[PDB]
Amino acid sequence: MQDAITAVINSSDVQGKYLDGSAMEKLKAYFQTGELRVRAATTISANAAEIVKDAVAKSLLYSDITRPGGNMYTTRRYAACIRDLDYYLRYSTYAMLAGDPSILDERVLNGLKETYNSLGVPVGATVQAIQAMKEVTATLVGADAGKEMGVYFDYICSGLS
């Protein structure tokens, strides 16, 4: 994976260049966002269970999904599903700290879409849940952090389609 710093490095390395004004300015941008990123990560860590609890209630419960014949039916599949949500939240949080989505491509999205098709996991429904988690998270961490977290929730969704 990359974070915002090492990404800039590889961009300058690929060109065999020292860090110029633009590169230095991007690094500065990132450092200045540093503390807000940590603070938001602390908040999300602290409510991780409830964020997923709210996101599930809001988008999945009392539907066909959770009834006999739905993909969330049987306790094993219910657990699997909210386990996926913990994943998406935790890696979204990583990506947010890092200020770069490469960890999502690397450890979350790789062959995920194909897996979901294979088992019958409803992608559209999954995405509704993530988008719900985005709103719940935003409410919790504020507008600025919520926007940034949103970048990565969205990144995940796009990878699923």
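In this text, residue numbers run from 1 along the sequence as written.
- In this entry, the higher average B-factor at the C-alpha atoms falls on 113-121, of the pair 113-121 and 93-101.
- When all modelled residues of the chain are sorted by CA temperature factor, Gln32 is found within the highest third.
- Compared with the other modelled residues of the chain, the Cα B-factor recorded for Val151 ranks in the lowest third.
- Ranked within its chain, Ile9 lands in the lowest third, by CA B factor from the PDB record.
- Remark: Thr43 belongs to the highest third of its chain, ranked by C-alpha B-factor as recorded.
- Sort the modelled residues of the chain by CA B factor and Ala57 lands in the highest third.
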